[PDB]
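Each remark here refers to the structure printed beneath this line.
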Amino acid sequence: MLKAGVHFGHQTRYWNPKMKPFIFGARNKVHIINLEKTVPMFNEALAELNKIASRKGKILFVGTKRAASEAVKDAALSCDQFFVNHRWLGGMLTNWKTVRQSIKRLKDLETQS
RNA sequence: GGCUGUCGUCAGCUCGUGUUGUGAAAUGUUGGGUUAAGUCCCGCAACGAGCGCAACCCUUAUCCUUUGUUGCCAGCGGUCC
């Protein structure tokens with residue numbers, strides 16, 4: 001009756017030992033996420049996303065998977081929100097100058113082409 | 001000084017910002033390939049930028065437009081041809 005969270009996790013042994021309280025139990029050579037522990041973060045995530053949207057905060061969609069990287073563009077422009085695609089290599093959030101230059105000049109030259 | 005040859009029209013040389021490092025410094029500037037090329041894709045803590053490479057300059061090849069002389073003679077005339 002809950003939302004998504006009827007999965008079973010993806011790991012055989014390569015577990016970070018900081019997932020001490022978030023694993024429901026290991027079995028059949030696969031570690032299982034605490035599906036039942038999916039209740040709270042829904043509530044807070046909604047609360048702070050609503051709070052940031054009160055003054056219309058922006059959120060970045062990121063992903064580098066063969067199926068999910070496009071599967072976030074839909075979630076971006078459905079709510080007309082910021083996103084990236086495959087292959088986002090670091091050095092722009094900290095390196096603001098080069099990314100600002102790149103985006104403005106490159107889209108302006110696309111308009112100018 | 002100026003000017004010149006030189007490796008060598010070889011392809012490398014560095015910088016801004018980031019990041020990492022107490023730090024000198026490293027990164028960038030890496031593998032696969034690829035190009036004539038640090039030429040470019042792919043994965044990459046780096047993105048970019050500068051001189052670099054190409055191209056922009058000159059010449060050549062096809063065609064067209066304009067002008068037709070001292071240049072040409074397809075058509076016409078006879079020709080001191």
Side-chain angles (χ1 to χ4, degrees):
Chain A
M1 283 73 74
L2 73 165
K3 296 186 175 69
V6 289
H7 51 268
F8 57 96
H10 62 300
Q11 186 45 257
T12 181
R13 63 184 177 264
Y14 293 99
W15 80 298
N16 186 25
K18 213 154 289 190
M19 290 321 78
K20 291 176 79 71
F22 302 98
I23 282 180
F24 191 71
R27 57 194 58 81
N28 320 123
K29 262 77 177 188
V30 55
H31 311 295
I32 310 305
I33 191 68
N34 209 335
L35 309 158
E36 190 276 331
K37 246 53 179 177
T38 193
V39 287
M41 73 291 291
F42 174 68
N43 318 120
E44 292 83 4
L46 189 144
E48 292 83 4
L49 290 155
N50 181 92
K51 282 189 304 269
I52 68 173
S54 68
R55 74 281 191 191
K56 313 159 309 306
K58 277 73 69 178
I59 62 171
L60 274 297
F61 291 164
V62 302
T64 70
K65 277 73 69 178
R66 299 298 183 102
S69 171
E70 190 277 331
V72 293
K73 293 182 184 292
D74 44 4
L77 268 293
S78 69
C79 77
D80 64 359
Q81 193 40 255
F82 282 158
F83 70 95
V84 306
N85 73 333
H86 291 89
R87 274 289 314 256
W88 178 84
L89 268 298
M92 67 174 270
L93 278 297
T94 60
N95 206 3
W96 203 25
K97 302 290 97 176
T98 187
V99 64
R100 286 184 68 253
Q101 191 270 343
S102 66
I103 62 170
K104 64 181 181 292
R105 297 284 74 78
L106 215 52
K107 186 182 286 185
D108 294 343
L109 62 84
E110 293 293 328
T111 61
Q112 199 68 255
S113 181

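All values below come from the heavy atoms of this structure, side chains included, with hydrogens, waters and symmetry mates left out. First the proteins, then the strands, lettered A, B, ... as listed; each starts at 1.
Residue A/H7 qualifies as enclosed at atom NE2: its count of foreign heavy atoms under 6.0 Å is above 12.
The shortest non-hydrogen separation linking A/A75 to A/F61 is O-CE1, 3.0 Å. Nearest heavy-atom pair, A/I32 versus A/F8, reported as atom, atom and distance to 0.1 Å: CD1-O, 3.2 Å. Of all heavy-atom pairs between A/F22 and A/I33, the closest is O-CD1, 3.3 Å. The minimum heavy-atom distance between A/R66 and A/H86, with the atom names listed, is CA-NE2, 4.0 Å.
Across all strands shown, B/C80 remains unpaired; no Watson-Crick or G-U wobble contact has both distances below 3.5 Å. With both pairing distances under 3.5 Å, B/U67 is matched to nothing as a Watson-Crick or G-U wobble pair.
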Practice prompt. Could you walk me through whether A/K107 and A/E110 pass the salt bridge (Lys or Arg N to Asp or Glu O under 4.0 Å) test, one step at a time?
Written response: CA-CA 5 Å; A/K107 186 182 286 185; A/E110 293 293 328; over 6 Å; no
Item to complete: Show your working on side-chain contact (heavy atoms from CB on, under 4.5 Å) between A/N85 and A/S69 and close with a plain yes or no.
Response: CA-CA 5 Å; A/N85 73 333; A/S69 171; 4.1 Å; yes
Practice prompt. Could you check A/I59 against A/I52 for side-chain contact (heavy atoms from CB on, under 4.5 Å), going step by step and ending with a plain yes or no?
Written response: CA-CA 9 Å; A/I59 62 171; A/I52 68 173; 3.7 Å; yes
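Taking atom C1' in both B/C15 and B/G31, one finds a spacing of 26 Å when rounded to whole Å.
Rounded to whole Å, the distance from CG on A/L89 to P on B/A45 is 5 Å. Rounded to a whole Å, the CH2 atom of A/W88 is 11 Å from the P atom of B/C47. A/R100 places its CZ atom 14 Å from the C1' atom of B/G48, with the value rounded to the nearest Å.
Pucker assignment for B/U35 gives north. The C1'-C2'-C3'-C4' angle has a positive sign. Judged by the sign of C1'-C2'-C3'-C4', the sugar at B/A11 is south, the angle being negative.
Here B/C7 is not matched with B/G77 as a Watson-Crick or G-U wobble partner, both contacts being required under 3.5 Å. Residues B/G21 and B/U17 show neither Watson-Crick nor G-U wobble pairing with both defining distances under 3.5 Å. Pairing status of B/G23 against B/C51: not a Watson-Crick or G-U wobble pair with both distances under 3.5 Å. Base-pair annotation: B/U22 with B/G75 fails the Watson-Crick or G-U wobble criterion (two N/O distances, each under 3.5 Å).
Stacking check, B/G38 with B/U39: criteria not both met, so the pair falls outside the 5.5 Å centre and 30° angle limits. Stacking annotation: B/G21 and B/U22 not stacked (criterion of six-membered ring centroids under 5.5 angstrom and interplanar angle under 30° not met).
Looking only at side-chain heavy atoms (C-beta outward), A/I23 and A/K20 stay at 4.5 Å or farther from each other.
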Worksheet item: Can you give one letter per nucleotide of nucleotides 16-22 of chain B, 5' to 3': B if a protein heavy atom sits under 4.0 Å from the base, S if only from the sugar-phosphate, - if neither?
Response: BBSS---
Item to complete: Mark up nucleotides 28-33 of chain B, 5' to 3', with B wherever a protein heavy atom is under 4.0 angstrom from a base atom, S wherever such an atom reaches only the sugar-phosphate, and - elsewhere.
Response: ------
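Side-chain proximity of A/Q101 to the nucleotides B/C42, B/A46, B/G48 is greatest for B/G48.
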